[PDB]
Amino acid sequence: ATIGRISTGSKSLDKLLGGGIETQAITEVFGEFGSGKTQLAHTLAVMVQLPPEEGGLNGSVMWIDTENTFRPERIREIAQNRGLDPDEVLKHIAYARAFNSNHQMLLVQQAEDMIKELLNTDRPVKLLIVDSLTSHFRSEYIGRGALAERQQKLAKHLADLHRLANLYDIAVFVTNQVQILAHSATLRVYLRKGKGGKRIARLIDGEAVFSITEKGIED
């Protein structure tokens, strides 16, 4: 199946990404607390629902939240300000709180049921968000011996996510709060605060600049 692309809301960031975030890929955004990772996730959860000529995939969303940071009213605000019905957009986001890393891993396996259910509807799942990918792993696997154990568990979790992305033509978007370890995401984007309230994004193989606004993010 051909890759799809989802606009982030920012032409600058879309260009950095080669045209938007890709299906059949895991895109990891990482950066310090407050760098805008969750705002980008909220924006993508709206953008993916747009029709393709507007930068979406006519898609539905599954969201795994590990920090209680999902805000339904932020979805509704972004949707309304982009001309979409806020309640329809919110309804197309399946939402689950992950209580610990083992529950987070089960939830990814569980997500396959809804993905299959929706695959041939007019709004198949096209975006799976894990925010935060790493927070539970960081709190639970700590101390001597934890590096190998945590990396092995994360590798299995990411393998599960890669399979869903690749098998069902989904963009997986994950967040990671940071600041030597290996990573298995398809593409890693470093996000940081800049001057004038801007956020700056760099690929970790130019820089994109965007603002956080009532439309989510934009140039």
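Numbers follow the displayed sequence, beginning with 1.
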Is residue 179 without coordinates in at least a third of the other compared PDB entries of this protein that model the residues flanking it? yes
Classify the number of deposited-sequence residues missing from the model between residue 205 and residue 206: none, 1 to 3, 4 to 9, or 10 or more. 4 to 9
Between residue 179 and residue 180, determine how many residues of the deposited chain lack coordinates; answer none if the chain runs continuously, otherwise 1 to 3, 4 to 9, or 10 or more. 4 to 9
Would 194-202 or 17-25 have the larger average of its C-alpha temperature factors, as given in the entry? 194-202
Going by the B-factors listed in the PDB entry, is the mean over the C-alpha atoms higher for 149-157 or for 165-173? 149-157
Chain-relative C-alpha B factor for residue 103 (record values, thirds): the lowest
Can you tell me which third, lowest, middle or highest, the CA B-factor of residue 142 falls into for its chain? middle
Please say which third, lowest, middle or highest, residue 56 falls into when its CA temperature factor is compared across its chain. lowest
Within-chain third of residue 70 by Cα B-factor, per the entry: middle
Compared with the other modelled residues in the chain, in which third is the CA B-factor of residue 84? highest
